[PDB]
Amino acid sequence: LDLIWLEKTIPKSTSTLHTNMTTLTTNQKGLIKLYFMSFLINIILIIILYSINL
Amino acid sequence: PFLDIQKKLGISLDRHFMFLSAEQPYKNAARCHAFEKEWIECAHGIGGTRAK
Amino acid sequence: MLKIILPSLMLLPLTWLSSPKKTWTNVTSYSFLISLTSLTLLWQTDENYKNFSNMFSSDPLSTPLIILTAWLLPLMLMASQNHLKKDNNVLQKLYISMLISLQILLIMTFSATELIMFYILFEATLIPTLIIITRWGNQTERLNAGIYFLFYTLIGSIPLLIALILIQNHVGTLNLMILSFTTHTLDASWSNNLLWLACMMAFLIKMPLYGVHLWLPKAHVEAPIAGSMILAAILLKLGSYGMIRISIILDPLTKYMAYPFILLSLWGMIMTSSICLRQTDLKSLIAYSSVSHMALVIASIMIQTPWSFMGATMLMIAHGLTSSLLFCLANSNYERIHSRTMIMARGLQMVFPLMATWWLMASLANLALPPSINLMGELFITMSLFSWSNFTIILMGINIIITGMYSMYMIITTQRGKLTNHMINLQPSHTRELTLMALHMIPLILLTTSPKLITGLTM
Amino acid sequence: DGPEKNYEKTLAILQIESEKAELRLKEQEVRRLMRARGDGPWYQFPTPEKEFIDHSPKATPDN
Amino acid sequence: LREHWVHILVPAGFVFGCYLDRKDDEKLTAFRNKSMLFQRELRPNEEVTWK
Amino acid sequence: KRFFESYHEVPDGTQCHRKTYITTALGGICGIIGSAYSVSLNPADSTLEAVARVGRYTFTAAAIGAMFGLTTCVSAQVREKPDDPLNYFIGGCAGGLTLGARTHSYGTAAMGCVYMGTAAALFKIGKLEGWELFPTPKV
Amino acid sequence: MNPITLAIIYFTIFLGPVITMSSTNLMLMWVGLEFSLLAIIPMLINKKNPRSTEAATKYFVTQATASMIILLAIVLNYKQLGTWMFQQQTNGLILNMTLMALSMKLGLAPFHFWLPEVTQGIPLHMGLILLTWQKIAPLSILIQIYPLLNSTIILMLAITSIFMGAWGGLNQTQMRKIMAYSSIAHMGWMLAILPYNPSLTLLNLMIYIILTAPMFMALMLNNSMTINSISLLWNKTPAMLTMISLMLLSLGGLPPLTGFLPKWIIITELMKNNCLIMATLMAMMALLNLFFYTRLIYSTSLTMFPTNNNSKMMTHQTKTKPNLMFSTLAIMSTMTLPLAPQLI
Amino acid sequence: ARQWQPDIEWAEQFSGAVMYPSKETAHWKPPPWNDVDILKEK
Amino acid sequence: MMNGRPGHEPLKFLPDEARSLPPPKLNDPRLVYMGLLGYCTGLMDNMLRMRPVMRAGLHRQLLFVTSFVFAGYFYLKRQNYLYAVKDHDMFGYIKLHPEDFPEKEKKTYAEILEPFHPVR
Amino acid sequence: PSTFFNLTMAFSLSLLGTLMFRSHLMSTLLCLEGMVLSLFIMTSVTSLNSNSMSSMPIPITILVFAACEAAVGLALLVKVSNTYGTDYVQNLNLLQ
Amino acid sequence: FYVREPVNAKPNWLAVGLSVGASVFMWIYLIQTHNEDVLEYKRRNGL
Amino acid sequence: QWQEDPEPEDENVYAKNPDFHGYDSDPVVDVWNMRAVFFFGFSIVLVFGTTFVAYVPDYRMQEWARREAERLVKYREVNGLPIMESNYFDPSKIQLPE
Amino acid sequence: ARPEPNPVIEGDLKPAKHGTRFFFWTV
């Protein structure tokens with residue numbers, strides 16, 4: 001319960017959770033086309049966020 | 001605006017031409033000139049929240 | 001209270017301006033006197049809390065600590081004159097100043113009227129501590145330990161920041177005096193049930209609770225002796241002081257929102273006490289001893305009966321002094337032995353006759369021998385806990401039996417048995433080592449003569 | 001100096017803190033009111049200036 | 001002082017500390033004799049109950 | 001939009017059908033958006049491969065949506081408690097589990113259960129306590 | 001650069017934000033934005049290294065399309081109100097465009113991809129200007145129009161930025177990009193309070209400028225674009241190790257230092273306005289930013305990384321000094337907190 | 001003995017264009033110190 | 001916020017109305033802080049430039065301690081005004097719109113039944 | 001009237017273009033310009049039917065700034081097919 | 001001493017006099033401003 | 001392997017300075033860093049402090065209350081009043097609800 | 001018709017009440 005279960009749950013898990021996020025969020029081609037379309041997606045969603053909450 | 005260097009300096013390089021009812025060349029009034037006046041002499045001294 | 005503080009600040013100029021050879025004595029001699037000025041706050045002929053000025057106050061709960069915070073700076077600077085005597089003359093003056101700022105900040109935190117003044121100063125103490133642990137930490141793992149000490153406290157801290165700004169909007173001032181004389185009764189909603197957790201959780205984290213205490217074993221292990229003394233004696237008690245002043249508000253919810261922690265602490269007290277029973281690193285065992293004896297405190301600052309509170313105030317001041325004494329003597333063995341292992345270094349009394357007497361008295365303070373404030377403290381928390389539910393004696397009864405076993409085992413396998421054959425020969429005891437101890441226990445003997453001063457706000 | 005000094009000092013500290021507290025709360029209510037009501041000097045957002053409206057007689061008649 | 005001036009630094013802090021301390025008292029002087037518990041008429045030749 | 005809102009209008013634990021449908025849609029919508037960002041950046045190799053990923057993300061998200069909706073609604077009826085935040089937690093608990101499965105990982109199910117459920121529970125509390133999100137400036 | 005050209009460009013890079021701020025006719029605000037775009041591109045390619053041309057060509061396309069979108073908003077307004085400037089009546093979509101566009105020039109949230117990459121290919125110096133004297137212009141336009149913008153979007157871009165900035169930063173090891181990521185994050189806080197109390201945006205900016213400007217002139221004193229490079233700071237110049245430590249922890253919100261005030265008052269203002277949902281999540285991941293700040297702390301100060309023998313050679317030679325600005329902006333930044341009430 | 005100062009290996013991790021290297025990200029290599037790529041004869 | 005107030009000086013630092021307010025005492029703790037803040041800037045500079053920390057630039061040390069302080073008096077003089085305007089503005093509104101800020105009268109405890117949650 | 005919705009959608013169709021590169025930097029720099037024409041046409045159109053002559057300066061200021069803007073854009077383009085022998089965007093992936 | 005003699009061999013007598021002299025102008029303006037200020041404040045209000 | 005120093009041994013400070021007190025290596029600083037620490041530590045803190053703390057008078061009023069009780073118990077018993085009446089705030093003052 | 005100008009706060013400035021009322025700043 002000390003060491004592994006109480007270190008794997010609270011202290012270590014939170015360590016693992018975010019690292020995955022950065023890895024997935026920071027693994028970017030670096031190509032402009034990809035990045036830009038993401039700008040396209042954003043414009044679309046924000047257009048909607050306004051639309052549906054008109 | 002954010003930094004009113006214009007009012008302070010008294011210069012008016014950017015205000016004289018912001019609405020249709022402003023001085024038109026050769027005193028040729030623009031269209032709608034009958035209302036914008038009526039809609040901005042109304043909202044003068046009354047802030048926007050109450051110009052709305 | 002600006003004599004306990006301004007003269008303190010001036011210590012920093014003295015550590016820097018003073019000669020490299022004379023820097024140590026100017027600083028230690030002067031803060032001994034700084035402690036003497038601190039003793040003036042104890043003059044409370046009447047009940048009224050002494051509100052020195054708008055921002056600075058001292059009531060029975062803070063006064064017993066401000067004096068301890070001022071007292072340990074001398075001692076901390078005397079226990080770290082050995083290690084840190086191999087430095088470049090500008091690393092020392094940094095360490096000395098770091099120690100000085102801790103009590104400047106800690107003196108103010110314990111002597112602060114506005115709860116957010118507590119928060120800003122509360123969470124500032126991490127900066128000086130993290131530097132002491134990470135910069136001078138001997139082991140490869142202090143970078144890790146520092147991270148654990150910063151994040152566990154920080155993630156708890158931002159919820160308290162939101163909560164205190166929240167009550168300021170709800171009530172209109174975070175002044176502990178007013179908040180007390182004003183009607184702040186939470187309404188047992190689901191949200192309030194969260195507010196309560198927000199305010200208590202940050203305090204519960206630095207007061208190691210069974211669930212979040214892994215930071216303290218890791219931190220004290222690689223921390224230098226001065227950092228380990230500060231963490232055990234003053235740093236952990238910052239969490240207790242906070243729980244006493246913050247639960248003045250959130251009065252109704254803790255009646256039923258405490259069960260989770262109370263049970264976490266009492267079962268935690270048993271398991272933390274027990275793992276002390278087989279832990280090879282001595283500093284490790286003292287740290288878990290600190291978790292268990294602090295798990296008793298969170299179980300008295302939550303039952304909230306007059307006796308609990310001053311049981312808590314008695315134990316916190318007492319255990320603070322005892323723990324340091326244990327951490328200080330652990331270091332003296334570590335410096336000659338060069339290893340934290342408990343199994344090595346057996347038989348020391350045969351070679352260090354007196355340090356062993358200090359070891360024996362420290363252990364008897366660690367376990368509850370009766371003419372000691374340590375026992376009075378536990379006896380009282382035990383009583384109230386019994387009042388909360390007669391069954392509590394079983395769990396607070398397995399802890400007493402275990403606490404006796406590990407406290408004596410530290411004496412039996414470190415200071416008795418046949419001498420280790422030939423570790424690097426163990427040079428005799430310095431007079432500094434022995435005084436650093438005497439300075440810890442002579443006050444423990446004197447306070448036990450008149451326990452009234454450290455009894456808390458309740459009594 | 002005495003019990004008198006701290007009792008009277010603590011009451012003075014409470015009056016300053018009580019009065020500061022009442023005012024801080026009233027600010028939040030006044031600031032809620034002027035934002036929505038726009039009837040007070042704060043939160044008076046701007047509209048064009050009539051100092052530019054041209055009231056001259058335009059050659060173009062009827063306007 | 002042969003570089004012993006350093007000594008005064010800390011002591012001096014105490015003096016300024018007590019001075020600044022008095023300043024606060026001077027500031028928090030309302031209720032000097034209005035504290036119900038201690039409201040008394042000034043005895044002869046006393047212009048301040050507590051200073 | 002009058003649609004999604006409906007989820008809230010009828011008391012919780014009642015009309016699970018509509019709840020599950022609505023919850024499934026939201027998840028699916030998020031699936032599409034999520035896949036889109038996942039395809040726009042970190043593109044695929046072939047159009048089909050990416051169409052698949054859209055599908056994968058959409059379904060997984062739709063699933064987490066469904067089980068959340070179903071579990072929370074049912075947990076309510078069975079427990080005969082419509083405003084007990086726990087309901088949602090059980091639901092979020094389940095939702096995470098679906099995510100875990102679709103990712104074929106027990107561990108994810110762990111974090112998923114706790115984190116996801118907690119979040120959903122907070123949504124219930126939020127609605128119960130009238131917490132305001134993205135509030136208009138009222139200073 | 002023929003010193004004349006240097007003057008013309010620098011004047012434009014400086015007339016660019018200033019026209020924006022001073023004018024009220026939006027058009028004149030747009031060309032202020034346009035001049036900044038034209039002036040910055042020459043400096044960006046000064047080394048003319050292959051990385052640089054990439055940087056400028058991205059910065060330019062991202063900046064140009066956003067500039068065109070801002071103009072479209074002004075053109076549309078002109079039809080919905082004869083005025084050349086946003087008013088209470090403005091169609092909501094008209095304002096939202098301006099938010100997205102201006103949030104691209106400032107590089108906030110889902111449009112945060114260009115900044116980290118241009119911050120990576122430009123010199124440390126032009127990095128500062130690209131991060132701090134080019135944010136003043138767009139923010140001015142937003143701060144002026146705050147009464148009218150949407151509280152929902154801003155918050156979403158705010159929260160997103162905080163997250164993206166934080167998460168991005170954790171992985172990065174190149175300093176230029178760690179700063180680019182921090183700027184995205186701080187920029188997020190700034191835009192969170194804009195709808196509620198613009199005056200605080202101007203504090204959360206200045207403090208960011210008074211924090212980042214010393215931090216970058218520190219990175220370049222030794223011109224280290226790597227943490228490994230900044231880690232050998234202890235050998236190259238030991239004194240800056242102390243303040244580099246505090247400024248970076250100040251950039252994150254830790255309480256004794258000046259950096260807490262912007263986060264503290266933004267949280268106080270958001271709770272005053274009841275966003276205790278949004279504010280809480282922001283503060284929490286704000287704590288992620290300090291983790292990567294402290295990881296750098298570890299490498300540069302709290303632990304001494306191994307150095308190279310050839311470094312002894314650089315010690316011998318007198319180190320060209322850091323300008324005075326470093327000090328005045330390091331102290332006013334690391335410790336002004338005792339003077340917060342006046343600042344706000 | 002003496003506070004453990006970081007060895008070469010502790011230092012190594014901080015090299016590489018990304019701290020926490022991904023599946024494909026690790027394949028990348030640190031940017032050239034001169035900021036000028038060797039590129040090609042072109 | 002406070003901008004848009006009647007009479008606002010469009011680009012002025014501290015309108016003369018701020019004359020009415022008391023001047024900041026030169027030894028105001030804050031200005032004294034700014035002084036120390038300054039001395040430190042000076043000392044820090046010496047350090048970063050590798051000069052004897054305290055015994056060098058004794059002219060600069062003065063420029064610093066005296067630049068920061070100079071700045072203070074004239075800044076604090078203003079910030080003080082800004083805060084003072086805030087009350088003038090705030091208090092006035094409380095009156096001009098009295099009904100909205102009505103002086104309530106609380107009841108004495110003898111009448112107020114406050115709930116008692118027994119600790120037991 | 002509708003005339004305006006065609007021009008506005010022209011700008012959005014040009015928007016969709018600049019935001020979706022197709023391996024030709026020149027083409028993009030050419031799409032970008034399609035917007036400026038649409039903005040110039042719309043600004044001129046409304047100014048003309050509002051008889052707002054005080055504003056005609058703008059329709060042209062828009063073009064003058066847009067021309068230089070494009071000049072800068074093309075010099076970057078020439079700089080790129082001097083370093084990579086092509087304007088193709090894929091080449092622009094060093095900053096990853 | 002120094003092979004490559006230090007550029008800062010001696011003070012910049014100018015840098016002293018504009019640094020010292022500037023500061024003494026600051027004070028004499030600052031202290032003047034305060035007493036002058038006090039006065040106006042005192043008289044502006046009743047006293 | 002990189003260049004780095006060979007482990008520094010810890011000196012037997014007790015080999016030279018056989019009167020080492022544990023504070024510093026050179027002897028005079030040693031003596032003057034214990035002659036001032038035992039003194040300021042023990043001689044005028046544990047002694048003068050305990051003297052002052054012992055003489056704090058009637059700390060927290062508990063010396064006053066053992067007399068006030070005695071007069072109250074003297075007064076209440078002789079006048080026949082209950083020694084500790086069962087309601088403190090008088091019932092008359094309280095305005096109960098209906 | 002025209003609307004009524006917002007009323008005018010009147011009087012003279014007096015040092016702010018109790019000083020900057022920021023968190024714990026006696027000021």
# chains A, B, ... in the order shown; residues from 1 in each chain; ligands from 1
>>> interface_residues(of="chain D", to="chain G", cutoff="8 Å", atoms="only C-alpha atoms", output="ChimeraX atom specification")
/D:28,45,47
>>> write_last_selection(atoms="C-alpha atoms", output="PDB file, in the first residue's frame")
ATOM      1  CA  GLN D  28     -19.255  45.239  -5.632  1.00  0.00           C
ATOM      2  CA  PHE D  45     -18.867  53.446 -22.953  1.00  0.00           C
ATOM      3  CA  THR D  47     -20.412  56.731 -28.906  1.00  0.00           C
TER       4      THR D  47
END
>>> residues_around(residues="region 19-28 of chain E", least_positions_apart="5", cutoff="10 Å", atoms="only C-alpha atoms", output="PyMOL selection string")
(chain C and resi 1-3+6+52-54) or (chain D and resi 5-6+8-13+15-16) or (chain E and resi 13-14+50-51)
>>> residues_around(residues="region 43-52 of chain I", least_positions_apart="4", cutoff="8 Å", atoms="only C-alpha atoms", output="PyMOL selection string")
(chain G and resi 237+239-240+321-322+324+327) or (chain I and resi 39+56-57+61)
>>> residues_around(residues="residue 27 (chain K)", least_positions_apart="5", cutoff="10 Å", atoms="only C-alpha atoms", output="number ranges by chain")
I: 66-67, 69-70; K: 22, 32-33
>>> atom_distance(atom1="CA of residue 30 (chain J)", atom2="CA of residue 61 (chain G)")
11.9 Å
>>> interface_residues(of="chain M", to="chain I", cutoff="9 Å", atoms="only C-alpha atoms", output="list in words")
residues 7, 8, 9, 10, 11, 12, 13, 14, 15, 16, 17, 19, 20 and 27 of chain M
>>> residues_around(residues="residue 33 (chain L)", least_positions_apart="4", cutoff="7 Å", atoms="only C-alpha atoms", output="PyMOL selection string")
(chain C and resi 25) or (chain L and resi 23+29+37)
>>> interface_residues(of="chain D", to="chain M", cutoff="12 Å", atoms="only C-alpha atoms", output="JSON list (two decimals) with N, CA and C atoms, in the first residue's frame")
[["chain", "number", "residue", "atom", "x", "y", "z"],
["D", 13, "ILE", "N", -8.59, 48.45, 15.70],
["D", 13, "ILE", "CA", -8.24, 47.58, 14.54],
["D", 13, "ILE", "C", -9.53, 47.01, 13.94],
["D", 15, "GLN", "N", -12.57, 48.32, 14.08],
["D", 15, "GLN", "CA", -13.43, 49.34, 13.42],
["D", 15, "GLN", "C", -12.87, 49.57, 12.02],
["D", 16, "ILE", "N", -11.55, 49.64, 11.88],
["D", 16, "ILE", "CA", -10.96, 49.95, 10.55],
["D", 16, "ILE", "C", -11.35, 48.76, 9.68],
["D", 17, "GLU", "N", -11.13, 47.55, 10.18],
["D", 17, "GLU", "CA", -11.39, 46.35, 9.35],
["D", 17, "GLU", "C", -12.89, 46.19, 9.07],
["D", 18, "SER", "N", -13.76, 46.47, 10.05],
["D", 18, "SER", "CA", -15.22, 46.41, 9.77],
["D", 18, "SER", "C", -15.61, 47.42, 8.70],
["D", 19, "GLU", "N", -15.15, 48.67, 8.84],
["D", 19, "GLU", "CA", -15.53, 49.72, 7.87],
["D", 19, "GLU", "C", -14.96, 49.41, 6.49],
["D", 20, "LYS", "N", -13.73, 48.90, 6.42],
["D", 20, "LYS", "CA", -13.13, 48.52, 5.12],
["D", 20, "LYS", "C", -13.99, 47.42, 4.51],
["D", 21, "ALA", "N", -14.43, 46.47, 5.32],
["D", 21, "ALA", "CA", -15.23, 45.34, 4.79],
["D", 21, "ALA", "C", -16.56, 45.83, 4.23],
["D", 22, "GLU", "N", -17.25, 46.72, 4.94],
["D", 22, "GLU", "CA", -18.58, 47.14, 4.45],
["D", 22, "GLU", "C", -18.38, 47.83, 3.11],
["D", 23, "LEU", "N", -17.37, 48.69, 3.02],
["D", 23, "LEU", "CA", -17.14, 49.46, 1.78],
["D", 23, "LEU", "C", -16.78, 48.51, 0.64],
["D", 24, "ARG", "N", -15.96, 47.50, 0.90],
["D", 24, "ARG", "CA", -15.54, 46.61, -0.21],
["D", 24, "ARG", "C", -16.77, 45.95, -0.80],
["D", 25, "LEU", "N", -17.69, 45.49, 0.05],
["D", 25, "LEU", "CA", -18.94, 44.85, -0.44],
["D", 25, "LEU", "C", -19.81, 45.85, -1.19],
["D", 27, "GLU", "N", -18.89, 48.40, -2.84],
["D", 27, "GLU", "CA", -18.25, 48.62, -4.16],
["D", 27, "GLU", "C", -18.84, 47.57, -5.09],
["D", 34, "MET", "N", -23.85, 50.04, -11.82],
["D", 34, "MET", "CA", -23.48, 50.98, -12.90],
["D", 34, "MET", "C", -23.20, 50.24, -14.21],
["D", 37, "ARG", "N", -26.83, 49.41, -15.37],
["D", 37, "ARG", "CA", -27.63, 50.62, -15.50],
["D", 37, "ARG", "C", -26.94, 51.69, -16.35],
["D", 38, "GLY", "N", -25.61, 51.72, -16.34],
["D", 38, "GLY", "CA", -24.91, 52.69, -17.20],
["D", 38, "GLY", "C", -25.38, 54.08, -16.84],
["D", 39, "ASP", "N", -25.71, 54.28, -15.57],
["D", 39, "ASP", "CA", -26.25, 55.55, -15.12],
["D", 39, "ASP", "C", -25.32, 56.19, -14.16],
["D", 40, "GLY", "N", -24.08, 55.78, -14.20],
["D", 40, "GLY", "CA", -23.09, 56.33, -13.26],
["D", 40, "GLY", "C", -21.79, 56.56, -13.99],
["D", 41, "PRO", "N", -20.85, 57.36, -13.45],
["D", 41, "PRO", "CA", -19.63, 57.69, -14.18],
["D", 41, "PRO", "C", -18.81, 56.48, -14.62],
["D", 42, "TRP", "N", -18.77, 55.41, -13.83],
["D", 42, "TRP", "CA", -18.05, 54.21, -14.32],
["D", 42, "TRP", "C", -18.87, 53.48, -15.39],
["D", 43, "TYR", "N", -18.21, 52.83, -16.34],
["D", 43, "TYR", "CA", -18.81, 51.99, -17.36],
["D", 43, "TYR", "C", -19.65, 52.81, -18.33],
["D", 44, "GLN", "N", -19.15, 54.00, -18.66],
["D", 44, "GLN", "CA", -19.79, 54.91, -19.61],
["D", 44, "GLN", "C", -19.06, 54.74, -20.93]]
>>> select_by_dssp(residues="chain F", states="alpha helix (DSSP H)", output="mmCIF file with C-alpha atoms, in the first residue's frame")
data_model
loop_
_atom_site.group_PDB
_atom_site.id
_atom_site.type_symbol
_atom_site.label_atom_id
_atom_site.label_comp_id
_atom_site.auth_asym_id
_atom_site.auth_seq_id
_atom_site.Cartn_x
_atom_site.Cartn_y
_atom_site.Cartn_z
ATOM 1 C CA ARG F 2 -33.365 23.028 -28.761
ATOM 2 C CA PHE F 3 -32.586 19.356 -28.926
ATOM 3 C CA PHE F 4 -29.518 18.882 -26.802
ATOM 4 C CA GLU F 5 -31.014 21.136 -24.175
ATOM 5 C CA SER F 6 -33.957 18.777 -23.911
ATOM 6 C CA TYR F 7 -31.681 16.396 -22.066
ATOM 7 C CA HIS F 8 -31.791 18.685 -19.079
ATOM 8 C CA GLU F 9 -35.502 19.617 -19.207
ATOM 9 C CA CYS F 16 -33.548 7.432 -20.654
ATOM 10 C CA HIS F 17 -34.089 6.838 -24.358
ATOM 11 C CA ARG F 18 -33.802 10.530 -25.122
ATOM 12 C CA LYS F 19 -30.953 10.898 -22.656
ATOM 13 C CA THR F 20 -28.929 8.170 -24.254
ATOM 14 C CA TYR F 21 -29.636 9.449 -27.735
ATOM 15 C CA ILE F 22 -28.583 12.972 -26.838
ATOM 16 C CA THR F 23 -25.516 11.884 -24.978
ATOM 17 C CA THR F 24 -24.544 9.635 -27.856
ATOM 18 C CA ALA F 25 -24.806 12.460 -30.322
ATOM 19 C CA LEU F 26 -22.648 14.816 -28.297
ATOM 20 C CA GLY F 27 -19.971 12.208 -28.000
ATOM 21 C CA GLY F 28 -20.226 11.524 -31.695
ATOM 22 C CA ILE F 29 -20.045 15.184 -32.558
ATOM 23 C CA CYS F 30 -16.927 15.403 -30.462
ATOM 24 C CA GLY F 31 -15.727 12.330 -32.257
ATOM 25 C CA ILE F 32 -16.020 14.027 -35.591
ATOM 26 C CA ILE F 33 -14.298 17.171 -34.378
ATOM 27 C CA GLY F 34 -11.623 15.170 -32.656
ATOM 28 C CA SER F 35 -10.989 12.994 -35.652
ATOM 29 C CA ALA F 36 -10.866 16.104 -37.804
ATOM 30 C CA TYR F 37 -8.091 17.655 -35.805
ATOM 31 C CA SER F 38 -6.489 14.239 -35.702
ATOM 32 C CA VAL F 39 -6.587 13.990 -39.477
ATOM 33 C CA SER F 40 -5.760 17.587 -40.304
ATOM 34 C CA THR F 47 -7.872 8.548 -47.642
ATOM 35 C CA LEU F 48 -9.445 5.298 -46.540
ATOM 36 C CA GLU F 49 -7.107 4.971 -43.577
ATOM 37 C CA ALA F 50 -8.238 8.378 -42.420
ATOM 38 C CA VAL F 51 -11.895 7.689 -43.053
ATOM 39 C CA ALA F 52 -11.374 4.738 -40.771
ATOM 40 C CA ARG F 53 -9.817 6.884 -38.061
ATOM 41 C CA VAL F 54 -12.715 9.252 -38.268
ATOM 42 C CA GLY F 55 -14.956 6.260 -37.789
ATOM 43 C CA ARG F 56 -12.919 4.851 -34.966
ATOM 44 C CA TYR F 57 -12.860 8.103 -33.064
ATOM 45 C CA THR F 58 -16.485 8.793 -33.821
ATOM 46 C CA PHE F 59 -17.706 5.439 -32.644
ATOM 47 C CA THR F 60 -15.529 5.366 -29.548
ATOM 48 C CA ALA F 61 -16.781 8.778 -28.629
ATOM 49 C CA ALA F 62 -20.337 7.869 -29.449
ATOM 50 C CA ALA F 63 -19.969 4.846 -27.212
ATOM 51 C CA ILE F 64 -18.639 6.766 -24.278
ATOM 52 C CA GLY F 65 -21.604 9.032 -24.887
ATOM 53 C CA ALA F 66 -24.094 6.211 -24.815
ATOM 54 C CA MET F 67 -22.895 4.368 -21.778
ATOM 55 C CA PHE F 68 -22.621 7.599 -19.876
ATOM 56 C CA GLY F 69 -26.169 8.413 -20.799
ATOM 57 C CA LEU F 70 -27.455 4.916 -20.208
ATOM 58 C CA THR F 71 -25.656 4.267 -16.966
ATOM 59 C CA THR F 72 -26.537 7.576 -15.388
ATOM 60 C CA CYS F 73 -30.174 7.361 -16.402
ATOM 61 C CA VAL F 74 -30.533 3.768 -15.268
ATOM 62 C CA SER F 75 -28.510 4.201 -12.118
ATOM 63 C CA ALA F 76 -31.043 6.858 -11.281
ATOM 64 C CA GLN F 77 -34.185 4.816 -11.832
ATOM 65 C CA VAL F 78 -32.820 1.823 -10.018
ATOM 66 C CA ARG F 79 -31.523 3.887 -7.153
ATOM 67 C CA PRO F 85 -24.593 13.231 -8.189
ATOM 68 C CA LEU F 86 -23.310 9.720 -7.634
ATOM 69 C CA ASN F 87 -25.585 8.623 -10.423
ATOM 70 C CA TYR F 88 -23.510 10.602 -12.863
ATOM 71 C CA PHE F 89 -20.290 9.301 -11.394
ATOM 72 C CA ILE F 90 -21.381 5.766 -12.030
ATOM 73 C CA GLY F 91 -22.194 6.949 -15.493
ATOM 74 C CA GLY F 92 -18.912 8.702 -15.998
ATOM 75 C CA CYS F 93 -17.397 5.643 -14.441
ATOM 76 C CA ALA F 94 -18.875 3.544 -17.171
ATOM 77 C CA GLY F 95 -18.060 5.980 -19.904
ATOM 78 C CA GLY F 96 -14.425 5.820 -19.013
ATOM 79 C CA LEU F 97 -14.584 2.084 -19.082
ATOM 80 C CA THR F 98 -15.828 2.089 -22.655
ATOM 81 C CA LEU F 99 -12.985 4.357 -23.620
ATOM 82 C CA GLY F 100 -10.629 2.018 -21.868
ATOM 83 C CA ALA F 101 -11.935 -0.949 -23.798
ATOM 84 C CA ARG F 102 -11.905 0.750 -27.155
ATOM 85 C CA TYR F 106 -7.192 -1.622 -18.237
ATOM 86 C CA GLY F 107 -5.043 1.205 -17.000
ATOM 87 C CA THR F 108 -6.772 3.754 -19.146
ATOM 88 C CA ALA F 109 -9.996 2.435 -17.760
ATOM 89 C CA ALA F 110 -8.625 3.271 -14.354
ATOM 90 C CA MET F 111 -7.728 6.861 -15.033
ATOM 91 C CA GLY F 117 -16.738 10.081 -13.691
ATOM 92 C CA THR F 118 -15.576 12.845 -11.435
ATOM 93 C CA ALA F 119 -16.058 15.265 -14.243
ATOM 94 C CA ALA F 120 -19.563 14.136 -14.955
ATOM 95 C CA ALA F 121 -20.461 14.228 -11.306
ATOM 96 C CA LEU F 122 -19.313 17.789 -11.183
ATOM 97 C CA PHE F 123 -21.596 18.493 -14.071
ATOM 98 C CA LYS F 124 -24.499 17.208 -12.016
ATOM 99 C CA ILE F 125 -23.510 19.283 -9.043
ATOM 100 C CA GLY F 126 -23.039 22.198 -11.351
ATOM 101 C CA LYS F 127 -26.571 21.915 -12.579
ATOM 102 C CA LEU F 128 -27.916 21.241 -9.070
ATOM 103 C CA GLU F 129 -26.106 24.288 -7.569
#
>>> interface_residues(of="chain C", to="chain F", cutoff="12 Å", atoms="only C-alpha atoms", output="JSON, numbers by chain")
{"C": [188, 189, 190, 191, 192, 193, 194]}
>>> interface_residues(of="chain B", to="chain G", cutoff="8 Å", atoms="only C-alpha atoms", output="PyMOL selection string")
chain B and resi 1-6+14-15+18-20+48-49+52
>>> interface_residues(of="chain C", to="chain E", cutoff="10 Å", atoms="only C-alpha atoms", output="number ranges by chain")
C: 1-19, 26-27, 30-31, 33-34, 37, 52-54
